[PDB]
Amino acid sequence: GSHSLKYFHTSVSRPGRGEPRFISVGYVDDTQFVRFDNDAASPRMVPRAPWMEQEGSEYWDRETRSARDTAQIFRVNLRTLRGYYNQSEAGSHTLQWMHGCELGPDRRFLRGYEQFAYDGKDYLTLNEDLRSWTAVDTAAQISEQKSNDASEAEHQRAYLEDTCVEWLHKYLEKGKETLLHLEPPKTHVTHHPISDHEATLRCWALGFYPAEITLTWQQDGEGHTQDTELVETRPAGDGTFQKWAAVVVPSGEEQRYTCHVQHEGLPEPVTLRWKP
């Protein structure tokens, strides 16, 4: 079903230290697979997932070139961006760029996006129909009128509806082995006393993929957010993710509290409890 091809590009100017730094990271779903960094020992597009450790030199040279070229474009762009804002080379600035395509359950194009951000704030967005650009500012107007006039939407739309999709499929294929595997979370509940009156119940979800997951506590079979806490999902570092949910309970009421875990890799949602 659902799957996505996404890239995240960052360019950061260093004013008396040469050309700005340029990084590109590629994801298929929640799996990174390539990267380019013009500061790495090898300033080339390089594989970041096992199933790309084979790809011919041709793919790599192509991508190293594409990233390089963009670095240059972005170098010019950082200088232009500084004029729209009335900026000297005094400080360093960031141009961000993201784009991706998403397939619906049928394995076909469902949505594409692309945007630009300057110094962390939205600057230019491709519209939802991929036909034109919107200055998400009024200082980005020149950029909007210039890209709408030169008909630049069209090249991005081709990439996002075709190329990106085509390639999304090659990558799934190259990595079907692991990319389509749904690793369910190893769940368990731990007990951490706070005092004689209360203690913390912590419900653990570990080693799962994809990152999407839902942890909730219930008390006596009712939704329960009072004295609840949920951490952001984090990467285990091995490709999988982690997450935990916490609820403050009175001594001897623990068996009233059940944790529920929803994940795409579980045949059905799991219900947990502290075994004492």
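When you see a residue number, it is the position in the sequence shown, counting from 1.
The question of which stretch, 229-237 or 50-58, has the higher mean Cα B factor is settled in favour of 50-58. For the pair 167-175 and 151-159, the mean B factor over Cα atoms is greater in 167-175. Among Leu126, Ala199, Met98, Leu206, the highest C-alpha B-factor in the deposited entry belongs to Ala199.
If you compare the C-alpha temperature factors of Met45, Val247, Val28, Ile213 in the entry, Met45 comes out highest.
Among all modelled residues in this chain, the alpha-carbon of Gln219 has a temperature factor (C-alpha) in the highest third.
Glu144: CA B factor lies in the middle third for its chain, per the PDB record. In the PDB entry, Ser11 places in the lowest third of its chain by CA B-factor. Sorting the modelled residues of the chain by their CA temperature factor places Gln87 in the middle third. Per-chain ranking of the deposited C-alpha B factor places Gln242 in the lowest third.
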